[PDB]
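Here you get one chain, nothing else, as structure tokens; it is the form deposited in one PDB entry.
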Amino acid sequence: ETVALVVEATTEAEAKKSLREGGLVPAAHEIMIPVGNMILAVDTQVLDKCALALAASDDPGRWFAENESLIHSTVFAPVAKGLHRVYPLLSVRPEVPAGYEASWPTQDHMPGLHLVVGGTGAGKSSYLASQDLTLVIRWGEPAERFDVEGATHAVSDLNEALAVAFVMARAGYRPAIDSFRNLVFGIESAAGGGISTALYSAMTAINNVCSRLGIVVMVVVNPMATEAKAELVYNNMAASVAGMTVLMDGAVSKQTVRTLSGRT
């Protein structure tokens, strides 16, 4: 259950071990998540251990508070260096598990991300606080009023943000991440309204982890698009995920959702 931090495989026998152990071959319960030039991994056994403990608990708020570190351990960054070579141009398999059904965020919503997008000050963070959410995971944003009085959980890195969201959604709760600010800032690639196009692939990768898990996670993203190129940028963002809600001046201006039987 311990993650290798420094020591990676140097022999072929060691290279065959799990990512957790410092090898190069995912175990059956490890899914790699490419994000820019990083490769993370979710351990779906740890994930469902935590999610089941939450969902089955007589006091899930208390279990959460007492096991935050275990929850955060669901997603980690493997130590082995050769992953980019061994798995070229890695993505995540687009899947929908058998018997998937959804009423939230909308009826028959495809599993994946539901993005809440808009410019600086558009009201995305406030929009969340008015949806019927279980928990807002606060990451990479300056401390605001949202952090003093709401149902929030503050985290420090992308492992923690994804771990809490995955565990909460797998348990049957409704999580949102506010926000992917540090992905927008951190990811760099060939541009297409000045947007690093690797942002789109990162959102698709995380989206498809959600799809394989049969969950929807709501996520705030300010892509930093100029006024002219915002329509194109939002279209490419919507084409990368299951659903999108656009905020302009505190009001919803557009919403599009891929559904099990269509696209709305």
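The term rigid core refers to the most C-alpha atoms you can superpose between the two forms while keeping them within 1.5 Å. The first residue of the shown sequence is 1; numbering continues from there.
Omitted from view is the form deposited in another entry, to which the following refers.
K.L.:
Identify which of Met38, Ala55, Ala239, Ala27 has its C-alpha displaced by 2 Å or more between the shown form and the other one once the rigid core is superposed.
P.N.:
With the rigid core superposed, the residue that stands out is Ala55.
K.L.:
Take the rigid core as the frame of reference and indicate whether the C-alpha of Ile71 shifts by 2 Å or more between the shown form and the other one.
P.N.:
Passes the 2 Å threshold, so yes.
K.L.:
With a shift of at least 3 angstroms, figure out whether the C-alpha spacing between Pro175 and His72 grows or shrinks in the other entry: closer or farther?
P.N.:
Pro175 and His72 sit farther apart in the other entry.
K.L.:
Do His153 and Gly61 have their C-alpha atoms closer or farther apart in the other entry than here, with the shift being 3 angstroms or more?
P.N.:
It is closer: in the other entry, the C-alpha atoms of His153 and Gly61 lie at least 3 Å nearer than they do here.
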